[PDB]
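Peer 1: There's a structure below that I have some questions on.
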Amino acid sequence: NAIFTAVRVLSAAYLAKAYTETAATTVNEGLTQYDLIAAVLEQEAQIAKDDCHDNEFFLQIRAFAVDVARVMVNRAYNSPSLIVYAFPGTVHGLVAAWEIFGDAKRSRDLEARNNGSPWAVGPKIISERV
Amino acid sequence: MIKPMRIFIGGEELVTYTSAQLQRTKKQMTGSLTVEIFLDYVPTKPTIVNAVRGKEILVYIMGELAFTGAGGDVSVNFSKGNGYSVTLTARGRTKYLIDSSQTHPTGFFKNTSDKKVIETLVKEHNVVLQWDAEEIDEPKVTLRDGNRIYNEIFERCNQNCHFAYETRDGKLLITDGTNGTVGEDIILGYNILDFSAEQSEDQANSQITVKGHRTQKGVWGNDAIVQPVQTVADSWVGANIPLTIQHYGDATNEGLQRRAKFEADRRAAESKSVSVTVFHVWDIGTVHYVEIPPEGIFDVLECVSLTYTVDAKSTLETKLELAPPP
Amino acid sequence: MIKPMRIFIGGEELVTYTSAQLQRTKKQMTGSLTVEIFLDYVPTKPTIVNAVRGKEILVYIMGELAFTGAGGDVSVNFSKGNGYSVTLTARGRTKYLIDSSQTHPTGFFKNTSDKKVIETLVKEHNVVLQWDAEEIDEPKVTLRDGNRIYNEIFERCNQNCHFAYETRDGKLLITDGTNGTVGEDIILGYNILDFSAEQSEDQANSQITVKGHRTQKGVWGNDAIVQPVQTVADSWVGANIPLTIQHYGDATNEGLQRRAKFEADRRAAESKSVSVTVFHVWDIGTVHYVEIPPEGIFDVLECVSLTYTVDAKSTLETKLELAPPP
Amino acid sequence: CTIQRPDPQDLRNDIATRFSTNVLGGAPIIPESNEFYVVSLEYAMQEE
Amino acid sequence: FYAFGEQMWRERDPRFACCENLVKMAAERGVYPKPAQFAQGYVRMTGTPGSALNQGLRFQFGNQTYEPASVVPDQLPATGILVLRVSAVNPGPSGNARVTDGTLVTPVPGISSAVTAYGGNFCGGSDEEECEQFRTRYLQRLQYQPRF
Amino acid sequence: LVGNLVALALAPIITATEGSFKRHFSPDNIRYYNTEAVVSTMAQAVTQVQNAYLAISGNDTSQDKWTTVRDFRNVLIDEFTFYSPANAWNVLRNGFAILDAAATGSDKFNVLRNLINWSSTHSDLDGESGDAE
Amino acid sequence: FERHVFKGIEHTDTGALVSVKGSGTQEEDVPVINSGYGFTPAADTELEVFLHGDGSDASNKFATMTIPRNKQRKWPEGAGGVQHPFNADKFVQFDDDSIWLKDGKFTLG
């Protein structure tokens, strides 16, 4: 069980570091990734606390969990400051990009976050702050 | 955002640096960071210091790595009126190779290759080697007793043309050509804040003759004393400016010609030096098209150096030194 | 009276010196006086000159000797508007040891001691020696033919730790420790006009390994080729920064360790250099308590250098260079 | 070893992060709001 | 909070404690950890009487180096034989050896190079005491011991 | 020339104690049937300082801690070391210097206090023997 | 120039190679420059080897071996000659006249 716990905790830590290395496409996506990792860490803490196996590793896991919480939550909410623009009726990708940013070449950016055909994106469009 | 840099002595994102100068170069093994911190002192409250003399830093330039390696020194100054400044200096992680002293037990590498002698002259201080040139074989490699970890490498990569410098990650790059990665066509009238081209004639040479001796096993007499010679020529200089740069290991025909061409590229690359100062702050080996018609440049040049400078008042400029279009 | 100096080229108490700079140091054998005289010229009346190029001087500082040794040069300048000045320079009486050439007949001292080889390398120019360290014995002492009276001494006092400098009387002091004589506790906020501490990391070394060969009589083979080695360590630097400084006479265990510790004190004393500029104008080896809390100095340091400066306008200040508190 | 009294500011950072993530869905703790006082009080309890 | 109280109790239990707390606890009850020991013995050298002597004497026995522990006399005694209390240079169990003959490293005029291990053994050499060995030694001091 | 009244200077009292020790300690000038007792008293004092150092160092692993312990044994094993006032005083002063340089502040309290209790007795011998002890 | 001791000796078809130590340089050193005298010590024999370095190119170093110092013949004044490498009492001496061969046994053919 020490073998298994070492593997699981190292995998959770390095998967957190992997999530942090890439940008969140949607607030719900970043929060779901954080939910996955926090669930794994809480499971490991409950295991390391079951009948006072080791109290110390329980406390250590708890501290690393609060750290991964602060970082993953800041990444999901604040790395790009995603806002939901409200457009009257659905509109093209180029027109939406040009009206939001003043730069239509940024239309590629509106496709990774919004689902909807390129000629009809909206009428609510997730994008970055301006 | 114009924001180029964000320095980390370990995670502490410098927000007080009053100025900065970051230099990268191919003519040498390292770089030179130079930060300027404020460091106030209230002579009643408690004060805290940082005695780093070795605590590791990096300079992410314009959202991208530029340097990797306050190891250099701390230089806390004083004055009455503008005092309390702290100049930190930070060389490149490939430094101890520069300031150490070889401590390999044997001293006599037998039937080895230059790559291997370089791998064991570096892995004593944990500097991963980015070997990207070739494997040359050599019978006798005796290191002068405690010479220097950098002199010996420079000697072993000069007699077989191999540029030895440092990348942005923190590794030692032993290359033979360029880093590819072409870029901005600097045109006179477009971004050059200032330029200075100088193609002199006191540092060129028509014929370079490399002589030496054969150090193989069994080879003696004439075949090791007489034959080894080579005469490479640069059909661009002009009149007979001869030379003779002698060789210092296992003088093969290829070895001779190769040391010859190495120096024939050094002297070449020094005979057209183009220093340009551009505006805002990736070119340590990059080639660019440059157009300066008044001095007749319409050619593709390689940046040998790269210096980012800053100072909150009037700066943010980059100084490039380029490589000739023979 | 603020009056510090009263110079005597022979008895002539300088009353015209428009400025002055007197430097004393342990890193070297001598000092450097530099006086500035007026020397008017009325192009009808008779004028008189002084061609000293050697006429001997001293600088009693604040009613006490500071220097002893216009030998250096005369440098009569000119200009239309502020001309007619005479810069006189005067090194220390221990100079010819610096600019001569050994003329001892034999060249091969046998069964001598470093003290004796130093006494006969000095008493050729009448410089009494202030030997205050110890007597080390050595079999073979061959002086390179006409090397220099100062290179040979420096070589003979570096392989057995002995600082070699000059006192205020005009003698050669070969010491091993300090000059005692403790003094003013310079505190930040009390007298430091200016300060600059710099404890870098490019001039330190963890392990110093001294190797060499045995030069005794009869000793040959292994006991003179293999054994002699020593590895002294400075458990303050940090990571493995090795080194190998090789030895050049009668390599004994004590000889090895002693050359090692000598350099391990040089590199140490260079890895925390504290230049302070104080106000008004005795510290060539003195220790002082220094308190500069903002850079974390609360320690007892030895002044390596001492420079008195003056200029009738805004000056009278002393610049000290200090020695690290490891 | 490796288990001792946390830094004060570090402790309040941890408590604010835990309150923001497990309760407020990730919202920041705006100063001078009731959540600010609740977080401060808790800290105070932990440090006592 | 329950967890922190449990561990703050645990860090004051000889068996479960970090090595630093273990030594800090043991120094309060007399028990101190054992340091490393250098080898030791006697070395017998000979030569012509009246010869001078210095402290830089070093002996090479087998593969180890040994140095004088006591003060070396200024001259060799009139008998021509000197027996010296000698300790090894490097600590640890490598200094122990079972040797009878050895050579003088540094040559001294008038003193034969061959020296003899007076007794033929070099005892004492031991290594630094680890943390678990010290823990089980300290726990053997507090606990109830019959036939102490 | 300001004086750091923030600090204690221990050099004068150390030299004074050196003088006072070498004035009343000459184990070559005391009656032959008390020399062994006097020298044994000296050795026991040095043993006290050694035990003090070992109780204060604790978890020091560096090789200096191995050499210092070797030097304490080497000086306590030999017999003719404390028969000379110079060696006795040098051993005592360096032992106290090491006990000082081994820790910092609070740590050195109980240990030093115990020493003050050990040396708070008087000698029973008479004449110069009592003066030496 | 540098003195080194002597370890082994590899004999190839271009001459002799030493294996000097003093710093384990050359498991096989370029030579032994034979000016007409040569010898083969047993491995680790206590003798000196002097290296003469080409250019300063450590690369190649030529060796001169000495016969062991305590085996050197104390030649009388006016005399000289050649000796056994390990025996000062076996030699061919040129004296005032005696082309003297000192041994108990001489073989010809």
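Protein chains in written order, with the authors' numbering: chain e1, 267 to 396; chain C1, 1 to 69, 103 to 314, 322 to 366; chain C1', 1 to 69, 103 to 314, 322 to 366; chain i1, 3 to 50; chain h1, 51 to 198; chain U1, 134 to 266; chain A, 18 to 126. A prime marks a further copy of an entry chain. Yeah, the Cβ is synthetic: ideal placement off N, Cα and C, and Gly gets one too.
1. Kindly indicate if chain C1 contains any beta-carbon less than 7 Å away from that of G222 (chain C1').
2. Quick one: which chain e1 residues come within Cβ less than 9 Å of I32 (chain i1)?
3. Taking C-beta to C-beta, are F88 (chain h1) and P141 (chain h1) nearer than 7 Å?
4. Could you tell me if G179 (chain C1) is buried or exposed, where buried requires 16 or more neighbouring beta carbons within 10 angstroms of its beta carbon?
5. Does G69 (chain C1') pass the burial test, meaning 16 or more other C-beta atoms within 10 Å, or should it be called exposed?
6. Along the chain, where does the beta strand (DSSP E) containing residue 316 (chain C1') start, and where does it finish?
7. Going by DSSP, which residues form a beta bridge with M95 (chain h1)?
8. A53 (chain h1) CB to nearest chain e1 CB: under 7 Å?
9. Three-state secondary structure (DSSP) at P4 (chain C1)?
10. Find the nearest neighbour of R299 (chain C1) within the set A166 (chain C1), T47 (chain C1), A363 (chain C1) and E199 (chain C1), judged by alpha-carbon distance.
11. How is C173 (chain h1) classed by DSSP in three states: helix, strand or coil?
12. Out of curiosity, what's the CA-to-CA distance linking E37 (chain i1) and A279 (chain e1)?
13. Have a look at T200 (chain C1), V174 (chain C1), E13 (chain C1) and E157 (chain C1) and flag the residue whose alpha-carbon is nearest the alpha-carbon of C190 (chain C1).
14. Counting pairs of Cβ atoms below 8 Å between the region 341-358 of chain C1' and the region 12-32 of chain i1, do you hit three or more?
15. Under 7 Å between C-beta atoms, does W269 (chain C1') make it to chain A?
16. From the DSSP secondary-structure annotation, give me the bridge partner or partners of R247 (chain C1').
17. Do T211 (chain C1') and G325 (chain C1') have their beta-carbon atoms positioned less than 7 Å apart in this structure?
18. Compare the C-beta of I5 (chain i1) with all C-beta atoms of chain h1 and state if any pair is closer than 7 Å.
19. Using a 10 Å radius around the Cβ and a threshold of 16 neighbouring Cβ atoms, would you call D301 (chain e1) buried or exposed?
20. Can you tell which of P389 (chain e1), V293 (chain e1), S345 (chain e1) and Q312 (chain e1) has its C-alpha closest to the C-alpha of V357 (chain e1)?
21. Which term fits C173 (chain h1), buried or exposed, when burial requires 16 or more other beta carbons within 10 angstroms of its beta carbon?
22. Listed in chain order, which residues of the region 56-85 of chain A have Cβ atoms closer than 9 Å to some Cβ of chain D?
23. Is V99 (chain A) close to chain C1', meaning its C-beta is less than 7 Å from at least one C-beta of that chain?
24. At the 7 Å Cβ level, is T277 (chain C1') part of the contact set with chain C1, yes or no?
25. On the DSSP letters alone, give me the boundaries of the beta strand (DSSP E) that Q183 (chain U1) sits inside.
26. List the residues of chain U1 whose Cβ lies closer than 8 Å to the Cβ of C68 (chain h1), in chain order.
27. I'd like to know whether the C-beta of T124 (chain A) is nearer than 7 Å to at least one C-beta of chain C1.
28. Report yes or no: is there a C-beta of chain h1 within less than 7 Å of the C-beta of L187 (chain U1)?
29. Mind checking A352 (chain e1): buried by the 16 CB within 10 Å criterion, or exposed?
30. Identify, in the order they occur along the chain, each residue of the same chain with its Cβ nearer than 6 Å to the Cβ of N77 (chain A), setting aside the five sequence neighbours on each side.
31. Secondary structure at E180 (chain h1), three-state DSSP: helix, strand or coil?
32. Please compile the residues from chain e1 whose C-beta is within a distance smaller than 7 Å of the C-beta of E182 (chain h1).
33. Go to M47 (chain i1), then tell me how far its alpha helix (DSSP H) extends in each direction, as first and last residue.
34. What is the C-beta distance between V73 (chain h1) and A167 (chain h1), in whole angstroms, given that I count them as a contact (C-beta under 8 Å)?
35. By alpha-carbon positions, which one of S146 (chain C1), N50 (chain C1) and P4 (chain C1) ends up nearest to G10 (chain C1)?
36. If you follow the beta strand (DSSP E) that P118 (chain h1) is in, where does it begin and where does it stop?
Peer 2: Reading from the atomic positions:
1. yes
2. Within chain e1, no residue comes near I32 (chain i1); the closest Cβ sits about 14 Å away, beyond 9 Å.
3. yes
4. buried
5. buried
6. You won't find residue 316 (chain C1') in this model, because chain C1' goes from 314 right to 322.
7. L132 (chain h1)
8. yes
9. coil
10. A363 (chain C1)
11. strand
12. 30 Å
13. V174 (chain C1)
14. no
15. no
16. According to DSSP, which records beta bridges pairwise, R247 (chain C1') is partnered with nothing at all.
17. yes
18. yes
19. exposed
20. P389 (chain e1)
21. exposed
22. Here chain D cannot be found, since the structure's protein chains are e1, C1, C1', i1, h1, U1 and A.
23. no
24. yes
25. Run containing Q183 (chain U1): none in the beta strand (DSSP E); it sits in the alpha helix (DSSP H), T168 to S190.
26. Near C68 (chain h1) there are no residues of chain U1 at all, since even the closest Cβ is about 10 Å away, more than 8 Å.
27. no
28. yes
29. exposed
30. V47 and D71
31. coil
32. By Cβ distance, chain e1 contributes nothing, its closest Cβ being about 17 Å from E182 (chain h1), past 7 Å.
33. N36 to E49
34. About 37 Å separates the two Cβ atoms, so there is no contact after all.
35. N50 (chain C1)
36. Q114 to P118
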